[PDB]
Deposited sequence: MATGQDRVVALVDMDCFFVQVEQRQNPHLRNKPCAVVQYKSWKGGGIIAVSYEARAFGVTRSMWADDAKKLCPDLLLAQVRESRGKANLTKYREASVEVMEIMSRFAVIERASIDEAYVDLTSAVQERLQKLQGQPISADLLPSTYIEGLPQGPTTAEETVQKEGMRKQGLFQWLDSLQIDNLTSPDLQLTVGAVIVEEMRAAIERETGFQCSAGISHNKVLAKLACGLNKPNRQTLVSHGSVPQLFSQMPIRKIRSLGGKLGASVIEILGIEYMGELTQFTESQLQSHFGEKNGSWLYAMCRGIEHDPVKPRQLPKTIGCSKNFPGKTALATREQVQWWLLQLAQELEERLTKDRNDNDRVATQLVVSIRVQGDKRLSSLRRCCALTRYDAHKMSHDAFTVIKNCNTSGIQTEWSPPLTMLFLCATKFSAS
């Protein structure tokens, strides 16, 4: 069982919010620029950065004021604000443009506002029978890198050398060769990426491999505006120096414990342990997953799911902006409930379904964790005043204050979330 049954791609829009703003405002094209939210505190928080600005050191989560120290000519586009909170609708609508195009080529799984997994297995099978048995020209793969090549006895020049070595050794007469299947998968992804750019103006990167984790890793290897094929055979060398934290799901505490408990640094070092050893350190499911994944094997399916499952609306109130009065809390709960009603109504029309549970969460000043508490209640009518009233009710007892008009401890986060949908 070598984990080679499927062709999976991951498509990731390059600096997506920046591209949306650069399409809209040509003055921002081909310039060091960034997208910011909330201009008042330190110039705004940077949420997306063009590759020209990344060369100066500008990164996501920097304050715009600090970004300008690294890049004085940095241009900024600011996110829309509605009811006091950053409003992402422009980027959501641009994302829909891209996913609709991807959907023409294969069933997609939306992974975020700007990435989607593609299961290409059947598309490849149909393209292979249409290809008689003729060779795949390098001209069909004008932006594809073959990871690990060239090898043996300028950037674009070597892309082609590696692609030449790959195609020169392809066994085209075998319609079940995994390497050939990946190659046809990459041809299709070239076509999909060309269609995205033609029809929206947006560029993207992509990974093509045998599963979602390798496809995601592949996609990051040659960014921006390129795609990377990671074959099963490329995995031992690729993983031999790959930090464990770079593999999807190992970027946090679990990945840190793998490194600490086992005393290793790279993904390939996991192969020396038995599956029972890994299960004894990390649990049955994590140990089995790690045993397969360090050999390049992962089975998480591309889920036929193009749109999300919950719709939620939150806002942070950091520092001295924490909410302290009952009618501050009710006002911001109303603001959140209003935009939630707006997105729920749109979701009832476009997608034909109705949310039926409302989740209310708060953060108290002094608490360490993203959420201090989560309560639910019924969601039956898409009406903001009722929802904000209901949300107040399920949290009105968290108020440790003896005063009715005061709220203590002060609130640093409010969150309203609609869940449990049914067809409509």
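K.L.:
Return the ranges of the deposited sequence not covered by C-alpha coordinates, sorted by sequence position.
P.N.:
No C-alpha coordinates exist for 1, 155-161.
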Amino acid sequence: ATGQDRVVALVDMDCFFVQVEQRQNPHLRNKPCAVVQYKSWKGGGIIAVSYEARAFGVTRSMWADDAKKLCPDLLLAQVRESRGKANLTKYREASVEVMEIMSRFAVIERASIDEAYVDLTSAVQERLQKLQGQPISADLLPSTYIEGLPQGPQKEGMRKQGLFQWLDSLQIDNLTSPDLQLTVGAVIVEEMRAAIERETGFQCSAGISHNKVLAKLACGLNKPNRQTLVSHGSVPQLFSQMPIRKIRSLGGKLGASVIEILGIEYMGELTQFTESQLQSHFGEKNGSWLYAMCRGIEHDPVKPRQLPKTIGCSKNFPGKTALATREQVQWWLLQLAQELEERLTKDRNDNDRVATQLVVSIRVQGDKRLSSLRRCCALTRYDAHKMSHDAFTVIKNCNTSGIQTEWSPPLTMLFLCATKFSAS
From here on, numbers count along this sequence of modelled residues.
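So that the term is clear: the rigid core is the largest set of C-alpha atoms that superpose within 1.5 Å between two forms.
K.L.:
Please indicate which stretch deviates more in 8 other deposited structures of this protein: 167-175 or 186-194, judged by C-alpha RMS distance after a core superposition?
P.N.:
Comparing 167-175 with 186-194, the larger C-alpha deviation in 8 other deposited structures of this protein belongs to 167-175.
K.L.:
Taking RMS over all structures and residues, which stretch has CA atoms farther from the shown form in 8 other deposited structures of this protein, 137-145 or 176-184, after a rigid core fit?
P.N.:
Farther from the shown form on average in 8 other deposited structures of this protein: 176-184.
K.L.:
Output the stretch having the higher mean C-alpha B factor in the entry; the candidates are 217-225 and 158-166.
P.N.:
In the deposited entry, the stretch with the higher C-alpha B-factor mean is 158-166.
K.L.:
Mean CA temperature factor from the deposited coordinates, higher in 313-321 or in 110-118?
P.N.:
Of 313-321 and 110-118, the stretch with the higher C-alpha B-factor average is 313-321.
K.L.:
Per the entry, which of 389, 31, 54, 69 tops the list for Cα B factor?
P.N.:
By C-alpha B-factor in the record, 389 ranks first.
K.L.:
Take the CA temperature factors straight from the PDB entry and tell me which of 247, 254, 131, 297 peaks.
P.N.:
Most elevated C-alpha B-factor of the set, per the entry: 131.
K.L.:
For the chain shown, is the CA B-factor of residue 233 in the lowest, middle or highest third of its modelled residues?
P.N.:
Answer is lowest: the recorded C-alpha B-factor places it there.
K.L.:
Could you look up the Cα B-factor of residue 209 in the entry and say which third of the chain it sits in: lowest, middle or highest?
P.N.:
Lowest third.
K.L.:
Would you please rank residue 348 by its C-alpha temperature factor against the other modelled residues of its chain and give the third it falls in: lowest, middle or highest?
P.N.:
It falls in the top third of the chain.
K.L.:
Using the B-factor values recorded in the entry, state whether the Cα atom of residue 241 falls in the lowest, middle or highest third among the modelled residues of its chain.
P.N.:
Residue 241: CA B-factor falls in the lowest third of its chain.
K.L.:
Please say which third, lowest, middle or highest, residue 264 falls into when its CA temperature factor is compared across its chain.
P.N.:
Middle third, going by the recorded CA B-factors of the chain.
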